[PDB]
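See structure below.
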Protein chains: 2
Amino acid sequence: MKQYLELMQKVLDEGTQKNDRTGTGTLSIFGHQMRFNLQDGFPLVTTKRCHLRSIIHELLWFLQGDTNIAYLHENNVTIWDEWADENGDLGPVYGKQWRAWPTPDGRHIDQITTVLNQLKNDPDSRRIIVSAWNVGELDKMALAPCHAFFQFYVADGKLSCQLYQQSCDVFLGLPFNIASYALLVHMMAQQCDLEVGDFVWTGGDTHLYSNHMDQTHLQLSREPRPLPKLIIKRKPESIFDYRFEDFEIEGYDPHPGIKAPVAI
Amino acid sequence: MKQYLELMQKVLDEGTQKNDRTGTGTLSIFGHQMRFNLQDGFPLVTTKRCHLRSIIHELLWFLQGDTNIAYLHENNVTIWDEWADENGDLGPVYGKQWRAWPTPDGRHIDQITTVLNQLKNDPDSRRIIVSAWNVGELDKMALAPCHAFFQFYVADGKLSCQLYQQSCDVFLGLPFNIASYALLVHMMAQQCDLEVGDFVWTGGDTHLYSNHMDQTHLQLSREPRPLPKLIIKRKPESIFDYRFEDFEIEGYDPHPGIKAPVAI
Ligand SMILES: C#CCN(Cc1ccc2[nH]c(N)nc(=O)c2c1)c1ccc(C(=O)N[C@@H](CCC(=O)O)C(=O)O)cc1
Ligand SMILES: C#CCN(Cc1ccc2[nH]c(N)nc(=O)c2c1)c1ccc(C(=O)N[C@@H](CCC(=O)O)C(=O)O)cc1
């Protein structure tokens with residue numbers, strides 16, 4: 001999108017060369033922010049074809065509080081394969097923290113449920129937050145959450161959401177996350193009878209991997225196309241009852257997909 | 001400061017009227033980010049006199065893991081009085097989460113020391129984070145932490161830090177928070193033998209209380225003066241051994257102070 005392409009160019013122009021845990025190398029900048037007015041259309045990138053299938057099942061997978069990739073396989077999404085253990089477990093990542101954050105005294109907190117109730121009973125709240133950054137359980141995760149802190153905000157019937165992404169793979173992960181959260185916002189707005197507002201993206205260590213230069217240059221020379229339109233076919237009785245079939249994207253005409261190796 | 005004044009003018013121009021848990025009412029925007037290059041000078045607002053005494057002692061208090069106001073009283077700092085209970089207790093807030101986040105298995109994580117160790121041995125890590133947003137203990141806190149998530153970053157021998165402030169009182173609280181973290185950055189940098197880089201401030205619900213409007217316009221009519229200089233007269237053995245007297249602020253010639261009420 002114009003904002004996304006602009007960020008890519010910034011990394012290439014101002015990025016600092018860094019050696020990462022994978023040994024591949026990265027171009028990096030620290031601190032950036034983009035805003036997507038959801039009224040203008042769904043923020044699914046068009047300068048490269050994105051697969052909405054894996055994006056939607058992952059989100060539904062999170063909402064169920066599931067951390068085993070079994071469900072993702074049932075739907076042919078393999079984005080989490082290389083971090084799962086021999087049994088397909090990732091540890092207490094996203095899904096677990098969102099649905100049942102463990103307290104030191106044994107109880108459990110369902111942040112999604114509390115968020116739903118805050119939006120309905122106390123929309124003006126300044127602490128409508130979901131955090132996946134559970135310090136005392138990080139060592140148990142097969143990987144540290146790269147998008148671990150987000151906040152909802154309501155003003156004039158509109159529902160907005162800001163996501164702080166501490167670590168960000170610009171080429172592979174970013175397009176995925178923008179679409180994923182814009183999706184959650186639409187879902188939330190529907191369950192709470194609100195209009196969709198803005199999706200604010202805030203980055204920390206925002207990088208571009210060394211073996212992605214070519215693909216980035218290719219994508220940068222393409223012209224962005226009008227954003228698609230998200231359509232929700234039916235309104236389920238809760239935020240936990242959605243299915244892949246309920247979503248329909250419309251008017252999505254992207255440039256051809258771009259293959260790129262993942263840094264493991 | 002230029003950036004601060006521009007933020008204020010921004011919430012006044014694009015802000016929406018909202019109500020809050022107190023009943024005062026606020027003018028508010030959602031999503032903002034500004035950067036401070038710490039080598040340009042120490043970011044202490046000059047368009048009104050600020051209280052260094054209070055800012056320094058609060059930070060030293062946090063670093064010790066203290067959550068009782070006794071220490072602050074021994075040094076004539078009353079900024080926390082309204083929220084302390086009969087015994088001076090605030091519950092497990094900033095100081096406790098920073099130095100001793102409780103895990104489910106009975107352990108406690110000292111985030112400050114772990115971050116110091118990461119800055120020395122793994123400065124390229126993208127997980128150099130400190131969080132005060134302990135979902136499992138929110139109900140024991142006198143207040144919900146408003147500046148609960150920050151990240152460190154190293155590049156070209158310079159230490160940077162980004163704070164995500166979910167709820168920000170722009171008139172009263174922002175000047176304090178900006179100076180507080182800028183100070184933490186200097187202390188961190190001195191302990192790791194790094195130079196200071198940027199301080200990036202990102203806000204969620206960024207607001208101005210209704211009864212701060214006249215004071216805001218009064219301040220907006222002033223010309224920011226040159227930024228002061230921070231001089232550290234000693235290099236303590238640890239990040240935990242700093243004293244109020246180790247710090248010297250030079251060239252601080254601010255406009256007169258502007259009094260305003262705190263919305264409890
Ligand atoms: C972010 C995120 C989600 N993820 C999983 C993922 C990977 C690393 C992480 N790292 C961290 N720290 N946190 C995470 O949550 C995390 C999640 C993704 C993984 C791969 C692709 C990917 O390979 N995309 C390719 C091919 C997609 C396909 O199979 O069709 C592409 O062309 O886009 C996208 C998203
Ligand atoms: C942020 C923060 C720290 N704090 C404490 C404080 C107060 C409310 C909070 N509210 C929330 N949600 N989170 C917090 O962490 C929090 C912290 C401050 C409190 C008062 C002043 C204040 O009244 N400043 C006035 C008077 C100063 C004085 O003379 O004593 C001024 O003129 O500046 C500044 C900082």
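Every chain in the structure tokens takes a letter, A first, then B, and so on in the order presented; its residues are numbered from 1, and the ligands are numbered from 1 following the presented order.
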Worksheet item: Neighbours of residue 79 (chain B) within 9 Å (only C-alpha atoms; same-chain residues fewer than 5 positions away dropped), as a ChimeraX atom specification?
Response: /B:54,58,72
Keeping only C-alpha atoms, take the residues you just selected and write them out as an mmCIF file, in the first residue's frame.
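Final file, part_33.cif:
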data_model
loop_
_atom_site.group_PDB
_atom_site.id
_atom_site.type_symbol
_atom_site.label_atom_id
_atom_site.label_comp_id
_atom_site.auth_asym_id
_atom_site.auth_seq_id
_atom_site.Cartn_x
_atom_site.Cartn_y
_atom_site.Cartn_z
ATOM 1 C CA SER B 54 10.275 14.699 41.715
ATOM 2 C CA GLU B 58 10.465 8.617 41.320
ATOM 3 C CA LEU B 72 9.169 9.543 48.349
#
Identify every residue of chain A that has at least one atom within 6 Å of any atom of chain B, counting only C-alpha atoms, and report the result as a compact mmCIF listing (two decimals) with C-alpha atoms, in the first residue's frame.
# COMPACT_ATOMS: atom_id res chain seq x y z
CA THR A 103 -2.15 -15.78 37.44
CA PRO A 104 0.48 -16.72 40.06
CA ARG A 126 -8.31 3.88 28.29
CA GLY A 136 7.03 -15.39 33.31
CA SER A 167 10.10 -7.14 16.16
Discussion item. Please identify the alpha helix (DSSP H) residues within region 68-191 of chain A (assignment by DSSP from backbone atoms) and present them as number ranges by chain.
Written reply: A: 70-74, 94-99, 111-121, 173-191
Worksheet item: Could you pull out all residues of region 74-121 of chain A with a DSSP call of strand (DSSP E) and give them as a VMD selection string?
Response: chain A and resid 101 to 102 108 to 109
Worksheet item: If you measure from CA of residue 12 (chain B) to CA of residue 170 (chain B), what distance in Å do you get, rounded to one decimal?
Response: 11.1 Å
Worksheet entry | Nearby residues (only C-alpha atoms) at most 12 Å from residue 213 (chain A), same-chain spacing under 3 positions excluded, as number ranges by chain | A: 8-9, 11-12, 25-27, 170-171, 207-210, 216-220, 260-261
Please produce an output containing C-alpha atoms for each residue in the selection, written as a tab-separated table (two decimals), in the first residue's frame.
chain	number	residue	atom	x	y	z
A	8	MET	CA	10.13	-0.58	2.74
A	9	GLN	CA	12.02	2.19	0.99
A	11	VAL	CA	14.46	0.56	5.63
A	12	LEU	CA	16.56	0.33	2.46
A	25	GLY	CA	21.84	-10.39	8.38
A	26	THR	CA	19.31	-7.60	8.42
A	27	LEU	CA	18.75	-3.98	7.46
A	170	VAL	CA	8.94	-6.17	6.86
A	171	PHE	CA	8.58	-8.36	3.76
A	207	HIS	CA	13.81	-4.95	9.56
A	208	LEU	CA	14.31	-6.39	6.10
A	209	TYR	CA	16.29	-9.65	5.84
A	210	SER	CA	19.41	-9.87	3.64
A	216	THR	CA	11.84	-6.06	-2.16
A	217	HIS	CA	13.20	-4.26	-5.21
A	218	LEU	CA	10.77	-6.17	-7.40
A	219	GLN	CA	7.82	-5.27	-5.18
A	220	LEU	CA	8.91	-1.64	-4.91
A	260	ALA	CA	10.83	-15.52	-0.53
A	261	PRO	CA	12.76	-17.83	1.85
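Between CA of residue 221 (chain A) and CA of residue 78 (chain A) lies a distance of 29.3 Å.
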How close does chain B get to ligand 2? List, as a tab-separated table, each residue of chain B within 10 Å, its nearest atom pair and the distance in Å to one decimal, counting only C-alpha atoms and all ligand atoms.
residue	atom	partner	partner_atom_place_in_ligand_line	distance
B:48	CA	ligand 2	32 (O)	8.6
B:49	CA	ligand 2	32 (O)	7.9
B:50	CA	ligand 2	33 (O)	6.0
B:51	CA	ligand 2	27 (C)	6.7
B:52	CA	ligand 2	33 (O)	9.9
B:53	CA	ligand 2	30 (O)	9.6
B:54	CA	ligand 2	30 (O)	7.2
B:55	CA	ligand 2	3 (C)	7.7
B:58	CA	ligand 2	3 (C)	7.8
B:59	CA	ligand 2	3 (C)	9.7
B:76	CA	ligand 2	30 (O)	9.1
B:77	CA	ligand 2	30 (O)	6.7
B:78	CA	ligand 2	30 (O)	5.8
B:79	CA	ligand 2	19 (C)	4.4
B:80	CA	ligand 2	5 (C)	5.3
B:81	CA	ligand 2	5 (C)	8.8
B:82	CA	ligand 2	7 (C)	8.5
B:83	CA	ligand 2	7 (C)	8.2
B:93	CA	ligand 2	15 (O)	8.3
B:94	CA	ligand 2	15 (O)	7.7
B:132	CA	ligand 2	15 (O)	9.9
B:142	CA	ligand 2	11 (C)	9.3
B:143	CA	ligand 2	12 (N)	5.8
B:144	CA	ligand 2	12 (N)	5.3
B:145	CA	ligand 2	13 (N)	4.5
B:146	CA	ligand 2	13 (N)	3.9
B:147	CA	ligand 2	15 (O)	6.1
B:148	CA	ligand 2	15 (O)	8.2
B:165	CA	ligand 2	13 (N)	9.5
B:166	CA	ligand 2	12 (N)	9.0
B:167	CA	ligand 2	12 (N)	6.6
B:168	CA	ligand 2	12 (N)	7.8
B:169	CA	ligand 2	1 (C)	7.6
B:170	CA	ligand 2	1 (C)	9.3
B:171	CA	ligand 2	33 (O)	8.1
B:172	CA	ligand 2	24 (N)	5.3
B:173	CA	ligand 2	1 (C)	3.8
B:174	CA	ligand 2	1 (C)	6.1
B:175	CA	ligand 2	33 (O)	7.6
B:176	CA	ligand 2	1 (C)	5.4
B:177	CA	ligand 2	1 (C)	5.2
B:178	CA	ligand 2	1 (C)	8.8
B:179	CA	ligand 2	1 (C)	9.9
B:180	CA	ligand 2	2 (C)	8.8
B:257	CA	ligand 2	32 (O)	7.0
B:258	CA	ligand 2	32 (O)	6.5
B:259	CA	ligand 2	32 (O)	5.4
B:260	CA	ligand 2	32 (O)	6.5
B:261	CA	ligand 2	23 (O)	7.0
B:262	CA	ligand 2	23 (O)	5.7
B:263	CA	ligand 2	8 (C)	8.4
B:264	CA	ligand 2	8 (C)	7.6
Fill in: Surrounding residues of residue 91 (chain A) excluding itself and chain neighbours under 4 positions, 7 Å, only C-alpha atoms, as a VMD selection string
chain A and resid 67 140 to 142
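Pairwise distance (CA of residue 184 (chain B), CA of residue 62 (chain B)) equals 10.7 Å.
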Practice prompt. Within 8 Å of residue 64 (chain B), counting only C-alpha atoms, which residues show up once you throw out same-chain ones fewer than 2 positions away? Write them as number ranges by chain, please.
Written response: B: 60-62, 66, 95, 99, 240
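Compared by their closest atoms to residue 115 (chain B), and using only C-alpha atoms, the residues B:43, B:227, B:1, B:192 rank with B:192 nearest.
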Shell of 9 Å around residue 70 (chain A), only C-alpha atoms, local chain residues under 4 positions omitted, as an mmCIF file with C-alpha atoms, in the first residue's frame:
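To be explicit, this is the file written out as result.cif:
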data_model
loop_
_atom_site.group_PDB
_atom_site.id
_atom_site.type_symbol
_atom_site.label_atom_id
_atom_site.label_comp_id
_atom_site.auth_asym_id
_atom_site.auth_seq_id
_atom_site.Cartn_x
_atom_site.Cartn_y
_atom_site.Cartn_z
ATOM 1 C CA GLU A 74 -6.612 -29.576 9.090
ATOM 2 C CA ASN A 75 -6.937 -26.415 7.032
ATOM 3 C CA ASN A 87 3.739 -33.153 18.911
ATOM 4 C CA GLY A 88 2.852 -29.865 17.240
ATOM 5 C CA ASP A 89 2.999 -27.679 20.353
#
Discussion item. With only C-alpha atoms as the counted atoms, please give the residues lying no more than 8 Å from residue 233 (chain A), apart from itself and same-chain residues fewer than 2 positions off, as a VMD selection string.
Written reply: chain A and resid 231 235 245 to 248
